[PDB]
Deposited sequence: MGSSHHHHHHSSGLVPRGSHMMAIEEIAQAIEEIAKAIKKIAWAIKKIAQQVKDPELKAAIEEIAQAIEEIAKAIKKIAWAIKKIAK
């Protein structure tokens, strides 16, 4: 019970950190067209990882 909830909470933290990485790569691309594509893909991965955390919560 509590173990699966701990896993979901940890996965939520991972999604938040991956979104922070996407923003930083955006700023690197500003300082680039290919790097911007990487940052937008990383943002989509963060969104999907947050969806996984919620589904694990439902389990």
query = Where along the deposited sequence are residues missing from the model?
reply = 1 to 20, 52 to 57, 86 to 87
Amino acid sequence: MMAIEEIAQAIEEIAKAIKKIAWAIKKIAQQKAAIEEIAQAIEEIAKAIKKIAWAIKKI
From here on, numbers count along this sequence of modelled residues.
inquiry  = Using only C-alpha atoms and the B-factors in the entry, which stretch averages higher, 46 to 54 or 32 to 40?
reply    = 32 to 40
